[PDB]
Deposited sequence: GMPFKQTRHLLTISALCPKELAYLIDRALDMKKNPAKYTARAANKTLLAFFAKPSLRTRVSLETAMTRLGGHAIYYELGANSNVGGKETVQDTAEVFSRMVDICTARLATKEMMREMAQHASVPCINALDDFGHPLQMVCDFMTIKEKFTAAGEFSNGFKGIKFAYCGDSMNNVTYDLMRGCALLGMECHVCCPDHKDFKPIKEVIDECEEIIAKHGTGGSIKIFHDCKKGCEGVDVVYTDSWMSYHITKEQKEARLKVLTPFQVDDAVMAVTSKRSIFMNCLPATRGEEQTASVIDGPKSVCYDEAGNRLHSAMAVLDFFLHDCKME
């Protein structure tokens, strides 16, 4: 209460998200500067289920800043009341947004959702950082994020899709959500409404469009992003949304391909796309590190 949390990426205003991106980018390039930013400070990091990516980037981020992360494998008020008088910051990877919200409710140090059924803001700072990084080096970033057309393909009733839509809205991107015309695979109306309100409120110039044909949705786009599809006959509804060569063939000449991982080479995309030349997946996953250092640093302090 009055402590700032990060339960979704829209916990940030547009300039805060753009500051975090640039800070991540400067910590990537100039780590020697940040080497004592969290000296003697600790992050308490709950995981209800392992994620190599999340755990290694978090634990490494703190070492690079000169502090330490407690890997804590799994009353909540009492727990939160008690850790907030010991640790400086907390991330938690819990099943539902409920447990995450409950913990944050009573916590008096910043709490960061390290993935739940409603968002994944650590990934969001990672991905938009990767997009700025990639396009800037190719000299395609004169128009900033504004000119980068983004498409998400696949199961779109999805915490990752929710948070990408929010990042795009915040950053003023054209976001296309390419999903099966099926109630169980589309973004939730609440999430669309949040996005259209944040673009309205900040006049970001962003837009949200829902396509039910990935090729039509991906025509002209600069980023194609997909993620894990995981009786298993979601496959019949999802298969037309596999990112393949014909899908990538309709995108811009500058396009890049992203997937937050774990990747399954014959589900959400073909091995030829992920292992092909438009794929930024591994550099994107490494960027979890630098985007984590930026987020922790910022919540450890708060400004700028």
property: Sequence order list of spans that the model leaves without C-alpha positions, deposited numbering; result: 1 to 4, 79 to 88, 245 to 252, 327 to 328
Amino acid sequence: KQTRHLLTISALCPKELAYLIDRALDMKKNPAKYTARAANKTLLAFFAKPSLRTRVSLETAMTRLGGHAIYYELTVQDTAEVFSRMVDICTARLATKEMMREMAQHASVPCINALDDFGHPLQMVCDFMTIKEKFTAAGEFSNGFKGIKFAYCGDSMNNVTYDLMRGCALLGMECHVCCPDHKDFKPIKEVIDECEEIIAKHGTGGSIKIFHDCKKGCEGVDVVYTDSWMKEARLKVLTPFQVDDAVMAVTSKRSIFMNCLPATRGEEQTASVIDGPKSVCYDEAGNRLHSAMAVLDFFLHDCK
From here on, numbers count along this sequence of modelled residues.
property	result
Residue stretch of maximal mean CA temperature factor, 160 to 168 vs 89 to 97	89 to 97
Given 147 to 155 and 183 to 191, the range whose Cα B-factors average higher in the PDB entry	183 to 191
C-alpha B-factor winner, where the candidates are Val273, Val56, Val250, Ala69	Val250
Candidate residues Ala138, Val224, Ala114, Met173, the one whose C-alpha B factor the record puts highest	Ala138
Assigned third (lowest, middle, highest) for the C-alpha B factor of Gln242	middle
Third assignment of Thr75 from its chain's C-alpha B-factors	highest
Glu81 - Cα temperature factor, lowest/middle/highest third of chain	middle
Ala263, C-alpha B-factor rank within chain (lowest, middle or highest third)	highest
Lowest, middle or highest third - CA B-factor, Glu133	middle
